[PDB]
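A lone chain, given as C-alpha cells: the form deposited without its partner chain.
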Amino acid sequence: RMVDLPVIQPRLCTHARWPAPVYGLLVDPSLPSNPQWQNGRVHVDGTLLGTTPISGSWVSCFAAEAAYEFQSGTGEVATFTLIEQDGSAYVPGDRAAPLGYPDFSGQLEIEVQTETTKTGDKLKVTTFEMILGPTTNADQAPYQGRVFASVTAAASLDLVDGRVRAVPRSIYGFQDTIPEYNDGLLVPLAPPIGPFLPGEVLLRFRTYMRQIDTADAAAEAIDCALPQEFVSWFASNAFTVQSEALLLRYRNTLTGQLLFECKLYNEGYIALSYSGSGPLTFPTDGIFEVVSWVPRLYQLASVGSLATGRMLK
C-alpha cells in the first residue's frame, strides 16, 4: 500500500531512452527545463505514457517489414512498415509511434537484422542511416507506421525483403527534441515534464551515445526522468497515490550519508531545489527512500555544489 522504491543504485540501472547502463545523475539549469520525452514516462500510479516500453531492450529500437530497392545515386533505400517489437501488428493509436521508438532527433545509425523466430533462421544484417527529425520535403511517419532509411552504395546489394529488428548503433547531429512523428499533423504525445516550483529543477539519469563525425566518434549525453527499473516498478505495482508528490531522500546506505532530498511528482519526474547555474552531478551509488506524501508546494532543502571557491573578482 504505501509506495516504496526499489533499493537499486543509479549506477546499477538500465537507461530508459538509449539502451545502455545509467552512468550519471545530475541536475543542470542550463538544459531545457521541460523536455517532452516519449520514453521513460510513467506516473507513480503506474500509468505508462508516450511510447514507453516495459523492457529496456526495446529502448530506441524498432521492428519492421523491410522492402529494399536500389535508388540511383543514393544506394539502397529500405521502406520499413513498422510492427511492434514483440512481432504484433502496429496500429496508429493513442501514442506517437511503436513502443520504444526513438524520441529524439538527428541522424541514427541502425543495425537491421532478420527477425529471430527459431533456431536455424538464416540471418542477414545491413547498417543504415535514418533521419529522425522533420525533413524536409518528406517523408517520415513513424505514427502512421512507415519510415525510411538508406545505406550508401556505388552498386546494389543482395537484399531480400522480410521481417527485421533495428537497434541503434550511433547518432549524428543529435538534438534532444522529438521527431516529426506524423508529417505535420497533430500526434498523441506525453506532455512536457513539469511543472516545477520556482528554484526546482529536473533530476536527470544520464548515459552516453556513441556520436560520430564520419570519423571522430565521441560520447554525447542523453538524460531520462527515471531509469527503466523504476519505470517497470511503477507499471507493475500500480500503487494508489495520495497527494501531489513524494518526498524522497537519496542516501548512501554503506556510510549512512544523506546526500539530498528531492520531490518525486506523481506524474513521474523528480525535482531538486538548486539555484546554481552550471551542471551539478551526484554520486551514483546511493539509493532513493520514500519519506512521506507532500503537497505540490512543499519546499525542499536546497543543494549546492561542493566546490566553495569564489573570486572577489
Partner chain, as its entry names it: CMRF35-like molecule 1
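Residue numbers count along the first chain shown, from 1.
Of the two stretches examined, 46-54 and 269-277, the record assigns the greater average C-alpha temperature factor to 269-277. Comparing the deposited coordinates for 232-240 and 151-159, the stretch with the larger average C-alpha B-factor is 151-159.
In the deposited coordinates, the residue among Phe70, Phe62, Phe282, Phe260 with the greatest CA B-factor is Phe70.
For the set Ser105, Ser170, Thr127, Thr207, the PDB entry puts the maximum C-alpha B factor at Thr127. Ranked against the other modelled residues of its chain, the C-alpha B-factor of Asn39 as given in the entry falls in the lowest third.
Compared with the other modelled residues of the chain, the Cα B-factor recorded for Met311 ranks in the middle third.
Ranked by Cα temperature factor within the chain, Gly87 sits in the lowest third according to the deposited record. Per-chain ranking of the deposited C-alpha B factor places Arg95 in the lowest third. In the deposited entry, the Cα temperature factor of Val3 places it in the highest third of its chain's modelled residues.
From this point on, the text means the form deposited with its partner chain bound, which you will not see here.
At a distance threshold of 4.5 angstroms between non-hydrogen atoms, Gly184 is out of contact with its partner chain in the bound PDB entry. Contact annotation: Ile193 falls outside 4.5 Å of its partner chain in the bound PDB entry, judged by heavy atom distances. The closest non-hydrogen atom of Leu159 lies beyond 4.5 Å of its partner chain in the bound PDB entry. Among heavy atoms of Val77, some come within 4.5 Å of its partner chain in the bound PDB entry.
For the residues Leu82, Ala149, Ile178, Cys224, the 4.5 Å heavy atom test against its partner chain in the bound PDB entry is passed only by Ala149. Relative to its partner chain in the bound PDB entry, residues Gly199, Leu248 and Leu259 are all farther than 4.5 Å at every heavy atom. Residues of 109-147 that come within 4.5 Å of its partner chain in the bound PDB entry, judged by any heavy atom, are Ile131, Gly133, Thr135, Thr136, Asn137, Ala138, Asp139 in sequence order.
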